[PDB]
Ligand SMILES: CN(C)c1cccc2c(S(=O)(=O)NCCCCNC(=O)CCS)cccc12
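A lone chain, given as structure tokens: the form deposited without this ligand.
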């Protein structure tokens, strides 16, 4: 049996949710996302793997008095988008980049109800920012920045000890994207990866080194 959904406070108004799925050739895979509170409204940063855990996550915050105002998915893989169909069924606004939605549509999967195009986007002005560093883990991966807390959710782009699943990866572009990401968020207090533990800004450097190492290996 897979471990249960975990919800843990990371900072004021910021929670980490961890869900688990068995993924072929990878084993049981932990997935971190965030829940961000702005007054009495909650925003999901990535959904858990499944509708089940997405519902558990939503009920947990609603039963504590937070309205779910929306979700954003950092890329098209199911560990970021698995709960979009369920959220859509509950009339909770779902967001993804235009390219993420395109890839979902291409894969015959449910798409977010809202989309954004361009390098920067405010999900919530001055509270929750989305940034596209360029292709890496996937062509569409984006990160989410919380300027009030100096917290960066790096998603599956942040890979400080190894690059993970390269099936949809762009190894040529990843070092360039990681360099850009590092320049932009060097002052992050915390960096939250999808598949390894929260760290500080050094995770940006480590990701860059792993990206460079990964590209070098392929030649």
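Numbering follows the first chain given and starts at 1. We call the rigid core the largest set of C-alpha positions that still match within 1.5 Å between the two forms. Residues that one form lacks are left out of the comparison.
Below, we refer to the form solved in complex with this ligand, which is not included among the displayed structures.
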At 4.5 Å by heavy atoms, is each residue in 156, 160 and 163 next to this ligand in the bound PDB entry? yes
Name the stretch, out of 146 to 154, 180 to 188, 57 to 65, 23 to 31, where some heavy atom lies within 4.5 Å of this ligand in the bound PDB entry. 23 to 31
Is residue 201 one of the residues lying within 4.5 Å of this ligand in the bound PDB entry, judged by heavy atom distances? no
At 4.5 Å between heavy atoms, is residue 209 in contact with this ligand in the bound PDB entry? yes
Residues from 69 to 96 in contact with this ligand (non-hydrogen atom within 4.5 Å) in the bound PDB entry: 75, 77, 79
Just the runs, please: which groups of three or more residues in a row shift their CA by 2 Å or more between the shown form and the other one on the core? 23 to 27
